[PDB]
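Spelled out, the chains give:
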2 protein chains.
Amino acid sequence: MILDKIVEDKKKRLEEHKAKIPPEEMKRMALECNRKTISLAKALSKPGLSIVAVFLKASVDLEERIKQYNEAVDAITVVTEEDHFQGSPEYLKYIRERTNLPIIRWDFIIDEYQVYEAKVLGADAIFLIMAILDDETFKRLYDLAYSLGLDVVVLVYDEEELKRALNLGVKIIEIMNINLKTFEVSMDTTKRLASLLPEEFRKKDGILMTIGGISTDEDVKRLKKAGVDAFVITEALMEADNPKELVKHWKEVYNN
Amino acid sequence: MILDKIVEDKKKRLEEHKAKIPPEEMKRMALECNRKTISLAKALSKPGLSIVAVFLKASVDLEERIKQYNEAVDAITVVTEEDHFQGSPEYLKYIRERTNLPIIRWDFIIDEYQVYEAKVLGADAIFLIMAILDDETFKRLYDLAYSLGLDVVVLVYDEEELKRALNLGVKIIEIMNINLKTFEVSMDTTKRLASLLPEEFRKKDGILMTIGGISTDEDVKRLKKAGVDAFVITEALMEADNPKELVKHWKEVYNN
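Cut-offs used in this document
- Residues numbered from 1 in each chain as written, not as in the entry; some residues may be left out.
- Chains lettered and ligands numbered in written order.
- Heavy atoms only, no water.
- Residues with missing side-chain atoms left out of burial classes, pairs and counts.
- Least-squares fit on C-alpha atoms.
- Contact = heavy atoms within 4.5 Å.
- Helix = DSSP H or I, 4+ residues; strand = E, 2+ residues; numbered from the N terminus.
- Buried < 20%, exposed > 50% of the residue type's maximum accessible area, 1.4 Å probe, protein only.
- Polar contact = N/O pair within 3.5 Å; in protein donor to acceptor, adjacent residues only side chain to side chain.
- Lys, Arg positive; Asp, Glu negative; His and termini not counted.
- Salt bridge = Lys/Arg side-chain N within 4 Å of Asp/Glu carboxyl O.
- Pairing = 2+ DSSP bridges.
- Axes fitted to C-alpha atoms, helices over the stretch in contact; angles between N-to-C directions.
- Right-handed = clockwise from strand over helix to strand, strands pointing away.
- Core = buried A, V, L, I, M, F, W, Y, C linked by side-chain atoms within 4.5 Å.
- Parallel < 35°, antiparallel > 145°, perpendicular 65-115°, else oblique.
- Left-handed = near helix turned anticlockwise from the far one by under 90°.
- Nonpolar A, V, L, I, M, F, W, Y, C, P; charged D, E, K, R; others polar.
- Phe/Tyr/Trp six-rings, centres within 6.5 Å; stacked < 30°, edge-to-face > 60°.

Explain the relation of the copies chain B and chain A here, please?
Related by rotation about an axis and a shift along that axis, the two copies of the chain form a pair. Laying chain B over chain A is done by rotating through 180° and shifting 0.0 Å along the axis; what remains is an RMSD of 0.0 Å. Taken together, the rotation and translation describe the operation of a two-fold axis. By residue overlap, the copies meet face to face through one surface: 100% of the interface positions of chain B are interface positions in chain A.

Just to check I follow, could you spell out the side chain of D229(A) for this structure?
Residues and elements named next belong to chain A. Topologically, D229 is positioned in the loop between α11 (217–226) and β10 (230–233). We classify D229 as buried; its relative accessible area is 11%. Looking at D229, its side chain comes within polar contact range of the side chain of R202, at 3.2 Å. Setting aside residues no more than four positions away along its own chain, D229 makes contact with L44, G48, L49, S50, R202, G206, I207, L208 and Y254.

Help me understand the side chain of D219(A), please; the structure alone is not making it clear to me.
Residue and element names in this part refer to chain A. Here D219 shows up in helix α11. Among buried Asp, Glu, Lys and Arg side chains, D219 stands out as unpaired, with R222 the closest opposite charge at 5.2 Å. Looking at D219, its side chain comes within polar contact range of the main-chain nitrogen of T216, at 2.9 Å. Those residues in contact with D219 that sit more than four places away from it in its chain are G213 and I214.

Could you clarify how one ought to interpret the pattern of salt bridges in this entry?
A pair can form between side chains of opposite charge whenever their charged atoms are brought close. Residue and element names in this part refer to chain A. Summed over all chains, the structure comprises 30 salt bridges over all chains. Across the pair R98 and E63 runs a salt bridge whose closest N-O atoms are separated by 3.1 Å. Residue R98 is found in the loop between α5 (89–96) and β3 (103–106), and its partner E63 is found in helix α4 (residues 61–72); the two are separated by 35 residues along the sequence. The partly exposed category is assigned to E63, whose relative accessible area is 42%. The network of salt bridges with common partners includes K10, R105, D107 and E117.

What is the right way to look at the sheet that holds strand β10 (residues 230–233) of chain B in this model?
Two pairing modes exist for strands in a sheet, parallel and antiparallel, and in both the strands are linked by backbone hydrogen bonds. Residues and elements named next belong to chain B. Taken in spatial order, the 8 strands close into a barrel running β1-β2-β3-β4-β5-β6-β9-β10, and their pairing is parallel. Across the sheet, the axes of successive neighbouring strands diverge by a mean angle of 25°, strand direction being ignored. As paired strands, strand β3 (residues 103–106) and strand β4 (residues 125–129) are joined by 2 bridges and run parallel to one another. Looking at the pairing, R105 lines up with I126 of β4. Sitting on the sheet, helix α5 (residues 89–96) is in contact with β1 (50–55), β2 (75–79) and β3, with an inclination near 160° to β2.

Looking at this structure, I do not really get the pairing of β3(A). What am I missing?
Walk down a regular strand and you will see the side chains alternate between the two sheet faces. With burial as the criterion, each face of β3(A) is covered, one bearing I103(A) and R105(A) and the other bearing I104(A) and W106(A). In this region the chain leaves strand β2 (residues 75–79) of chain A, passes through α5(A) and returns to the parallel neighbour β3(A); the handedness of that crossover is right-handed.

Help me understand the nonpolar core in this model?
Soluble globular proteins tend to bury their nonpolar side chains together. Within the largest apolar cluster, 186 residues are counted, with the highest numbers of intra-cluster contacts made by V73(A) and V73(B). With sequence-adjacent residues up to four places away left out, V73(B) is seen in contact with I51(B), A53(B), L101(B), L237(B) and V247(B).

Help me understand the packing of helix α11 (residues 217–226) of chain B against helix α13 (residues 243–255) of chain B, please; the structure alone is not making it clear to me.
Each pair of packed helices can be summarised by the angle the axes make with each other and by the distance between the axes. All names here are of chain B. At their nearest, the axes of α11 and α13 sit 8 Å apart, and the two run at 55° to each other. The orientation of α11 with respect to α13, classified from their angle, is oblique. Classified by chirality, the crossing of α13 by α11 is right-handed. Within the contact between the two elements, α11 uses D217, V220, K221, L223 and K224 and α13 uses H249, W250, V253, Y254 and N255. Among the residues forming the contact of α11 with α13, the class breakdown is 5 nonpolar, 2 polar and 3 charged.

Sorry if this is basic, but what is going on with helix α8 (residues 159–167) of chain A here?
One full turn of an α-helix is made of 3.6 residues, so residues set three or four places apart face in the same direction. The residue sitting at the N-terminus of α8(A) and contributing the capping side-chain oxygen is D158(A); that oxygen lies 3.3 Å from the backbone nitrogen of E160(A). Just beyond α8(A), the residue with positive phi is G169(A), at close to 85°.

Before we go on, may I ask you to explain the interface of chain B and chain A in this structure?
It is common to report an interface's size as the accessible area lost on association of the parts. Each partner contributes residues to the interface: chain B has 31 residues there, and chain A has 31 residues. There are 0 salt bridges connecting chain B and chain A. Counting across the chain B and chain A interface gives 3 residue pairs in polar contact. Of all elements in the fold, only α1 (3–20) and β8 (184–185) of chain B reach the threshold of two or more residues within the side of chain B that touches chain A. In terms of residue count, α1(B) provides more of the side of chain B that touches chain A than any other element does, 7 residues in total.

Is there a simple way to think about the packing of aromatic side chains in this case?
Aromatic ring pairs are defined here through the distance separating the ring centres and the angle between the ring planes. Residue and element names in this part refer to chain B. Evaluation of the coordinates by the stated rule reveals 14 aromatic pairs over all chains. Ring centres of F138 and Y142 lie 5.4 Å apart, and the angle between their planes is 25°; on these two criteria the pair is classed as stacked. Residue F138 and its partner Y142 are both found in helix α7 (residues 135–147); the two are separated by 4 residues, about one turn of the helix. For the pair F138 and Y142, one class covers both residues: buried. On the numbers, 4.9 Å between centres and 40° between planes, the contact of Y142 with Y146 is tilted. In this pair, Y142 and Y146 both sit in helix α7, 4 residues apart, roughly one turn of the helix. You can call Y142 buried: its relative accessible area is 10%. Look at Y146 and you get partly exposed, because its relative accessible area is 27%.

Just distances and angles here, no functional claims.
What follows is the structure, encoded as structure tokens:
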């Protein structure tokens, strides 16, 4: 119903893109074209809570929201998946022109084509999902992204993905606050998994990000306790009349 | 991005329904109201390949498609999830009035409220997903559905879910033909998992259903080889000009 359609749509989209810009050419452009990446790692490990805002096209007002986010948050995620979310390379290009913050490309990134393409489109980082990559494929894509000067946000969902992830040298880990077995979106997830991080994680420049289930001041206080360095926000920042004030308040609750 | 939104939407929808029809009342109606269920089990274990067609509202022509499906397929799945797919109790009611085939309610069924509600709405079976139910909750909902005269289609995705499922007495198992680690939708999945079914599975009235990745005659021949009793179809039957001919041809390829 859901997972099977996401997979088949993505394979067809990849074939549609590879037709327009062939893979050997996309690789050529990534290697030849000049772009200094804006460091996501530096923006996420700065003291205090870092905020990552998400740009979704669906599930000009955009120029305004970009300007608001530019003054409020620390990095931007752009969703380029096309069938479920109506993203596109053009959408990312549009936002890239209008912000100096680090951009993370969010997509189902399973192919080196998409890593080269991320570099070409001006992303500073990509999202890799442990659940849809075996260990060989993950290491390949992870290494290629860093060879291009990109950071990588690694999404984990449970204890063995985290284990796999730490076992593969990962430095930026995002935990989704979902618990499928209780059909719940709660910080109880990050809390249990964060406890399994080694004590040297932050010391060795490890970065912990979370997404989902945080909306109250008490929620934010739980993050600091857990060693979360950054929070990824979707609708809460889209719907806020005053994103800068919301971020400022979250950061104060975190720091105090 | 995806999983967290599906979970939060579903919890809010459940609260919206419980407000209109409280749970104690929904239970009263399920127990008091008269309905003889149409046996899904009998329709799926009849000799040959059984076809289950899916009614999705999104992702009157409907009256026509129902009539076409009534002459072609062996059971109907109705998606009642509202936020991702635009289903509704009304949608199920509408289809129920117009078909004598067994109906499976497809939703994220995590609450006995939804099992009682399925009975009230005229479903003959419900869908339970191993991945989003712990063993206590699964057994409760599985047992309640059968106490109401409903069948249960149990969705499994990997080897330990199947193990869990067989360990809980399940009789109708649906395998989704997805492989997350290779980001593929393929019968290679059902084939590997079907091999792990005990030899007594079919003898003890076990029923194996698959969904996804089958579209060619060779695909269909792989199903029989694997002991698949039924195939669940979505777009292939929606888009067919002649569903009865498509089903007839699939059934011939299976039987020969």
